[PDB]
Structures are given as C-alpha cells and as structure tokens.
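The block underneath contains the structure these notes are about, expressed in structure tokens.
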Amino acid sequence: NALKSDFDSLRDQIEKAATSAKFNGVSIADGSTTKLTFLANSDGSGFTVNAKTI
Amino acid sequence: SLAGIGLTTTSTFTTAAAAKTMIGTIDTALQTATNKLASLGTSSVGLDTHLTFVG
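Protein chains in written order, with PDB author numbering: chain E, 111 to 164; chain D, 165 to 219.
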C-alpha cells in the first residue's frame with residue numbers, strides 16, 4: 111500500500127507538471143494542438159514545429 | 165488612392181490565412197505606387213527643363 115501511494119503521488123505530479131507548460135496560452139506538450147508554425151521568411155513562409163505530447 | 169493601387173477601401177483580413185494573401189496584395193500595391201511616382205518625377209523634371217528653355 112505504501113508503494114502504491116508513492117506511485118499515485120508521482121503520477122499526479124507528472125500530470126501537474128505536464129499541464130502547466132504553457133507560454134502565451136499555447137503549448138507543445140499538453141496535446142491541445144497538433145503543430146505550431148512560426149514565421150520564417152518575409153514572404154509568409156513558415157517554420158513548423160510538431161507537437162510532442164508528454 | 166486606395167482604389168488606384170488596388171487596395172479597395174474597407175479591405176481587411178479576418179483570419180490568419182487572409183493576411184497570407186494580403187502580404188502579396190500589399191507588395192503589388194507598393195510596386196505599382198512606386199512606378200507611378202517615378203513617372204510623376206519624370207514629368208516634373210520635364211516641366212522644369214521646358215520652363216528654363218522658354219525663358
């Protein structure tokens with residue numbers, strides 16, 4: 111039971127840590143979106159960063 | 165004016181994909197505006213030269 115409680119505590123810690131990794135309301139670690147594209151060129155071309163849900 | 169360079173007053177973008185085309189629209193507008201202003205400069209130089217000759 112003690113080991114089970116330790117496991118549960120660590121899992122809840124993981125969830126808390128993962129859900130708070132937001133900057134400006136968007137994140138690449140929660141799984142809310144599939145990718146984020148930033149500006150890469152003066153003509154509108156994009157730099158794509160795929161989302162890595164952790 | 166806005167209609168002269170193709171900008172069509174009350175022209176905005178409502179999504180993030182409309183601005184992607186507004187970039188090219190404004191590029192074309194700037195190019196054509198610069199062409200027209202170069203022509204106006206040539207006309208002004210011609211007026212000055214002809215005034216000097218007439219005097």
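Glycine is no exception: its CB is placed at the ideal position from the N, C-alpha and C atoms.
Beta-carbon contacts of residue i that lie in its chain and below 8 Å, excluding the five residues immediately before and after
i               : result
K162 of chain E : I138 and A139
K132 of chain E : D140
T173 of chain D : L166 and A167
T147 of chain E : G156, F157, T158 and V159
Neighbourhood of residue i by C-beta, 6 Å cutoff - its chain only, sequence neighbours within 5 removed
i               : result
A150 of chain E : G156 and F157
C-alpha distance - residue i paired with residue j, whole-angstrom precision
i               : j               : result
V159 of chain E : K145 of chain E : 6 Å
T198 of chain D : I164 of chain E : 52 Å
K126 of chain E : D116 of chain E : 15 Å
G168 of chain D : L204 of chain D : 15 Å
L194 of chain D : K200 of chain D : 10 Å
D118 of chain E : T129 of chain E : 17 Å
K114 of chain E : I124 of chain E : 15 Å
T143 of chain E : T206 of chain D : 55 Å
CB-CB length for residue i against residue j, believed under 8 Å
i               : j               : result
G154 of chain E : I187 of chain D : 5 Å
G170 of chain D : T192 of chain D : 7 Å
Residues that residue i bridges to, as DSSP identifies them
i               : result
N199 of chain D : Its beta-bridge partners do not exist; DSSP assigns none.
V159 of chain E : E:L146
Other residues of its chain near residue i: CB distance less than 7 Å, five sequence neighbours each side excluded
i               : result
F177 of chain D : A183 and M186
Which residues, taken in chain order from the segment 165-193 of chain D, show a beta carbon closer than 7 Å to some beta carbon of chain E? Listed by position along the chain: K184 and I187.
Taking a cut of 7 Å between CB atoms, which residues from the segment 132-145 of chain E lie near chain D? Those residues of the segment 132-145 of chain E that come within reach of chain D (Cβ to Cβ, closer than 7 Å) do not exist; the list is empty.
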